[PDB]
């Protein structure tokens, strides 16, 4: 047959939400391709109305949920071809929020996804550019503002990645990052997206601190670091420290000036595997998968 119409692709997604999220830890791949289709079968038909807004939105939300669940359950899902669809769905949304704005319409749920958009690339000044062009009320919504803080806070004039151009006077506020992350005001799904930066944020935190220490300074107690960079448990610190060759003393502290890497990304070495924050895992268990996904108003 041809392409499925609006309301049945809505109802299709519904079934996935109401019955198959609870099985996400193992093979999201299924749910992935079946969502890819819905987002596809709506562009093929060139239908950019409420049905498409809503469905694309939730697929973004679901994609977010998957990001956490795959890391916690620490089942292997991909080296994140996940972020792409998540991205490809976010630009699709952007376009739709845009023409609706042109047609004098209004989307109830834009700020949320403008905010998610702001967090996908986090160091890309491109997105700082766009968000200044948007309407006052979109710019000033709590969700967009918070995401701006996170970008402002994550910025670091020392970030080293090939292709990346370093910029002047960057905050490198690792302190207010883990601060903000624990805020009971931060939306959960939004927190999940941000967890994808725990390592690099941390690496440049230690490399920054280590730099201020004079040579004869004593090793820094794990307990200190643990709190500074809100690690989950002393086990994660150990693993962090051997992955970057930060020699440990007494299995109890780290000699920071032994950290001699310029970039968080080591030369042809498999990234330290993605982690999470207890803080938000806790939040997840006290709630329902479906509940997260139909957050926000009706289109």
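Numbering follows the first chain given and starts at 1.
- Annotation for 144 to 152 versus 207 to 215: the higher mean temperature factor (C-alpha) is found in 207 to 215.
- Of the two segments examined, 266 to 274 and 61 to 69, it is 266 to 274 that shows the higher average Cα temperature factor in the deposited entry.
- Note on 157, 94, 227, 185: the highest value goes to 94, judged by CA B factor as recorded.
- Sorting the modelled residues of the chain by their CA temperature factor places residue 82 in the highest third.
- Ranked by C-alpha B-factor against the other modelled residues of its chain, residue 99 falls in the highest third.
- Per the deposited record, the Cα B-factor of residue 124 falls in the lowest third when ranked against the other modelled residues of its chain.
- Sort the modelled residues of the chain by CA B factor and residue 163 lands in the middle third.
- The deposited CA B-factor of residue 135 belongs to the middle third of values across its chain.
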